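Trainee:
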Amino acid sequence: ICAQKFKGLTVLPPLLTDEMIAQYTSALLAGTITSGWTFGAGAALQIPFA
Amino acid sequence: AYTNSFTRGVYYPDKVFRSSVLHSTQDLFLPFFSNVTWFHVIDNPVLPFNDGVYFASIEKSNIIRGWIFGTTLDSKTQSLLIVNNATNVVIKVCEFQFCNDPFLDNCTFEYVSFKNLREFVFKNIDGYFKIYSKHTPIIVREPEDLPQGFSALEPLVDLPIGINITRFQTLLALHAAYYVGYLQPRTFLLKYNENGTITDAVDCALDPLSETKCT
Amino acid sequence: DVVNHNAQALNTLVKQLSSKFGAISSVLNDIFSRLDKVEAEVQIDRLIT
Amino acid sequence: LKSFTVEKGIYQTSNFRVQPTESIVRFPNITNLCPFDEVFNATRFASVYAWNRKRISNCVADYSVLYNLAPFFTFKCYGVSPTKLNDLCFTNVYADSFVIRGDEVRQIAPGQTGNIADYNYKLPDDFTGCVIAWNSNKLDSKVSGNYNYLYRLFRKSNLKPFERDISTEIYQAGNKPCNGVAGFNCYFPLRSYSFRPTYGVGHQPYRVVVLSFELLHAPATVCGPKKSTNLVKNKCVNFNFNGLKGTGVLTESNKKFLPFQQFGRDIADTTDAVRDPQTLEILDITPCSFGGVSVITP
Amino acid sequence: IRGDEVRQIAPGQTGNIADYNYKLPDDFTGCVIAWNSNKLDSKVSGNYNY
Ligand SMILES: *[C@@H]1O[C@H](CO)[C@@H](O[C@@H]2O[C@H](CO)[C@@H](O)[C@H](O)[C@H]2NC(C)=O)[C@H](O)[C@H]1NC(C)=O
Ligand SMILES: *[C@@H]1O[C@H](CO)[C@@H](O)[C@H](O)[C@H]1NC(C)=O
Ligand SMILES: *[C@@H]1O[C@H](CO)[C@@H](O)[C@H](O)[C@H]1NC(C)=O
Ligand SMILES: *[C@@H]1O[C@H](CO)[C@@H](O)[C@H](O)[C@H]1NC(C)=O
Ligand SMILES: *[C@@H]1O[C@H](CO)[C@@H](O)[C@H](O)[C@H]1NC(C)=O
Ligand SMILES: *[C@@H]1O[C@H](CO)[C@@H](O)[C@H](O)[C@H]1NC(C)=O
């Protein structure tokens, strides 16, 4: 990495970090479990999982 | 008498420090598992030089003192003579045979400067005689066969003699065995470690597995 | 493979500098120190291209 | 952006680089002027098969004296530039000083073909050096010819480069055996041109000196006249190590160099570690500090 | 010009002539014409005017 860094070759960091990606996936999975298909169409509507 | 060459014949092709790298080179190397001639000191026949000689000597009393090179070797043309008497190294290009010493065996350039295994590579390229040397303490139970292992030969001597050399002959101390192998133009893959020492080499012209390794 | 395709490409792009591209050397400081500018531009145009 | 109005966002601009502060020149401390007088200003120049290879090492080769030398004029060079010849360091220099016919002076060059270039003195194709010639008709040409210089017009094979052949035995020019007896198709090999001042300018004798350099990754013994400065570490400086120029930071390193090794190379085959020629110390070369610059604007 | 120093009359050249009395630029676009002086300048027992 340092040998290619000395040659003008660099790597920019991503805008979204892994914590923010995990927060997105946690929000999606929590909304899916607690509301089903409703939070993809509008406001999340609670419903029992059975 | 013949025996196996094993993985010997690896020398540094350049004087550049490289560390932790697989470097591919193309030079006159000794091929892996080639078939080296074995002589035992009782025996110094005249041998052809080809394009290079790997000379290995297993000794403890230093019976071999040097070599004589040349084409005709009968005071008709140039003849390189290298003698070491454990004090000074004498390198001459004199045409005279001069086979007189305490031990039984024009000058345009003169240069004065079983527990032991001495490995040498002699090659004559573009009028330059290159001598590569290595010495190691190894104890072997039988000197009938060449010892198995890997060794790197550091460059020692470069001479601008410019002499056509086709035959050579070793010299003995009289009042211990040696092996002769011939070099071939080969592509090699050398592994420079953290120390910069060539710890392993792959001959690209040995088998399809090593050809795949080189590609 | 997404990791390796970028790592191998960067390693190859580093390894392209050792190519001479028909010039006498791959070191531009060596070319400038060992030649005049008139043929040094000719030797260095190949490396640049 | 090549515009006078700039929209909002982040725009990448030109990079920043730390410029060098000082300049370091470091050469080995050889203080002996090089004996070019023994090669050029010699009273007698040897023959072709008197292959006198003068070895030059541990010199300070000032080429201005050779350039302003009275007899020798032509200064042809292959591989190096003559104006740069006072700025480089060579491991060893080899000089060959002969007298040759002026017709075959053009044969003293790589890739040439002729009697001289085949059987007398052949240069390799990768020859990096210089050829110097003077029309020696005023001195090396005598009345009724000078027979000290010998030429072998016929031989078994061409010579390999930088080799000599002083054998005086009779070569069988024809297919018939000769048995060491001179005669038809059994001529003496070493003939002569017998240079005279009355000859034509093409056939006049010429004193030629060929200087062959050795530009390797080896310790240097011959160096041009240049004054070495002090060593500055841990600072972005320009440097000149034995004719190797660069710009960077020289740091102390723990690299275990072999005693025959001088320079170190990385994966990209650039110089990464050098050996200081005065005091045997290993120095790592790091490029100076840099990076990208971005402009965040509304 | 001294005949050995005539070869300095070119861009990018060093020597006494180019360093101390007459230097050509590196962007030079023109012509150089050389003719042997012989009897015109070099005379018996030398000429001191150069
Ligand atoms: C170096 O010596 C060898 C040995 O004599 C030369 O090989 C001979 O070359 C001639 C010329 O064609 C042949 O007729 C012979 O058959 C070759 N072999 C022998 C054993 O004589 C070789 O040419 C020499 N090389 C140089 C550059 O002089
Ligand atoms: C070497 O050659 C001999 C024949 O002279 C043969 O018997 C022997 O097997 C060969 N050894 C190798 C390793 O090829
Ligand atoms: C070895 O040879 C050199 C050169 O001939 C000579 O000076 C020296 O005395 C010799 N040493 C012995 C121990 O014979
Ligand atoms: C030594 O070289 C010269 C070269 O001119 C030659 O005449 C002489 O015969 C050579 N010596 C011997 C013993 O052959
Ligand atoms: C060489 O190897 C030894 C042990 O393997 C190590 O201590 C030393 O630092 C190495 N030299 C280098 C990396 O220059
Ligand atoms: C000259 O170089 C030698 C080589 O090691 C060194 O020991 C010595 O100190 C140097 N002398 C000066 C004055 O730099």
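Protein chains in written order, with my numbering: chain A, 17 to 66; chain B, 5 to 219; chain C, 3 to 51; chain D, -9 to 288; chain E, 279 to 328.
Ideal Cβ positions, reconstructed from N, Cα and C, are used throughout, including at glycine.
Flag this pair as yes or no: are the beta carbons of D/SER37 and D/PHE88 separated by less than 9 Å?
Mentor: yes
Trainee: Quick test of the definition: if touching needs 3 or more C-beta pairs under 8 Å, does the stretch 54 to 72 of chain D touch the stretch 170 to 186 of chain D?
Mentor: no
Trainee: Counting only Cβ pairs nearer than 7 Å, list the residues of chain E close to C/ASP38.
Mentor: Correct list: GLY290.
Trainee: Just the C-alpha distance for B/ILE68 and D/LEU149, rounded to the nearest angstrom, thanks.
Mentor: 33 Å
Trainee: Taking only beta-carbon positions, decide if C/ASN13 is within less than 9 Å of chain A.
Mentor: yes
Trainee: Consider the Cβ of D/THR81: report whether some Cβ of chain E lies at a distance smaller than 9 Å.
Mentor: Residue-level contact by beta carbon fails for D/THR81 and chain E, as no gap is shorter than 9 Å.
Trainee: Leaving out the 5 sequence neighbours to the left and right, which residues in its chain are closer than 7 Å to D/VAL283 when beta-carbon positions are compared?
Mentor: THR3, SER4, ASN5, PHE6
Trainee: Taking DSSP as the reference, what is the three-state secondary structure of D/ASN127?
Mentor: helix
Trainee: With 9 Å as the threshold, decide whether the Cβ of D/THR21 is near any Cβ in chain E.
Mentor: no
Trainee: At a cut-off of 8 Å, would you count B/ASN39 as near ligand 2, judging by its Cβ distance to the nearest heavy atom?
Mentor: yes
Trainee: Am I right that D/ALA258 and D/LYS245 are in contact with their C-beta atoms under 8 Å? What's the rounded C-beta distance?
Mentor: Not really, about 17 Å apart at Cβ, beyond 8 Å.
Trainee: What does the Cβ neighbour count give for E/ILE311, buried or exposed, with the cut at 16 atoms within 10 Å?
Mentor: exposed
Trainee: Relative to the C-alpha of D/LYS223, which residue among D/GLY233, D/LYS216, D/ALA208, D/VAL239 is closest?
Mentor: D/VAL239
Trainee: Straight-line CA distance for B/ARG22 to C/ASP3?
Mentor: 30 Å
Trainee: B/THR91 touches chain D at which residues, Cβ-Cβ below 8 Å?
Mentor: Against chain D, a Cβ distance below 8 Å from B/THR91 picks out nothing, because the smallest value is about 22 Å.
Trainee: Since B/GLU215 is in the alpha helix (DSSP H), which residue starts that stretch and which ends it?
Mentor: Membership of B/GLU215 in the alpha helix (DSSP H) is indicated by the continuous run 212 to 218.
Trainee: Is D/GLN268 near ligand 6 - that is, is its Cβ less than 8 Å away from at least one heavy atom of it?
Mentor: Taking the Cβ of D/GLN268 as the reference point, at least one heavy atom of ligand 6 falls within a distance shorter than 8 Å.
Trainee: Counting by C-beta, which residues lie closer than 5 Å to a heavy atom of ligand 1, in chain order?
Mentor: Result (chain order): B/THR75, B/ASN168, B/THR170, D/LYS146, D/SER147, D/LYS150.
Trainee: Answer yes or no: the CB of D/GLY254 versus the heavy atoms of ligand 5, is any distance below 8 Å?
Mentor: No, the beta carbon of D/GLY254 sits no closer than 8 Å to any heavy atom of ligand 5.
Trainee: Please work out which residues of its chain come closer than 6 Å, Cβ to Cβ, to D/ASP130, disregarding the five sequence neighbours upstream and downstream, and give them in chain order.
Mentor: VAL89, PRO195
Trainee: Does any residue of chain C bring its CB to less than 9 Å from the CB of residue 71 of chain A?
Mentor: There is simply no residue 71 of chain A to check, as chain A begins at 17 and stops at 66 in what is shown.
Trainee: What's the call for B/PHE100, buried or exposed, on a 16-neighbour Cβ count within 10 Å?
Mentor: exposed
Trainee: Measure from the C-beta of D/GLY282 to each C-beta in chain A and report whether the shortest distance is under 9 Å.
Mentor: So yes, D/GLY282 belongs to the interface.
Trainee: Could you compute how far the alpha carbon of residue 1 of chain B sits from the alpha carbon of B/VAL184?
Mentor: Nothing about residue 1 of chain B can be reported from this structure: the residues present for chain B run from 5 to 219 only.
Trainee: Could you tell me which chain C residues have their CB closer than 9 Å to the CB of A/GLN20, listed as they occur along the chain?
Mentor: Near A/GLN20 (Cβ distances below 9 Å), the residues of chain C are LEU12, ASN13, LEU15, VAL16.
Trainee: Less than 9 Å between CB atoms is the rule here; does D/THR261 satisfy it with respect to chain C?
Mentor: True, the Cβ-Cβ gap to chain C drops below 9 Å.
Trainee: I'd like to check one pair, B/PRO189 with residue 223 of chain B: are the Cβ atoms closer than 9 Å?
Mentor: Any question about residue 223 of chain B goes unanswered here, given that chain B covers just 5 to 219.
Trainee: Along chain E, which residues have their Cβ under 8 Å away from the Cβ of D/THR73?
Mentor: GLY290, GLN291, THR292, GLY293
Trainee: Three Cβ pairs or more, each shorter than 8 Å: is that satisfied between the stretch 117 to 126 of chain B and the stretch 142 to 153 of chain B?
Mentor: yes
Trainee: CB B/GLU114 to CB B/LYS138, shorter than 9 Å?
Mentor: no
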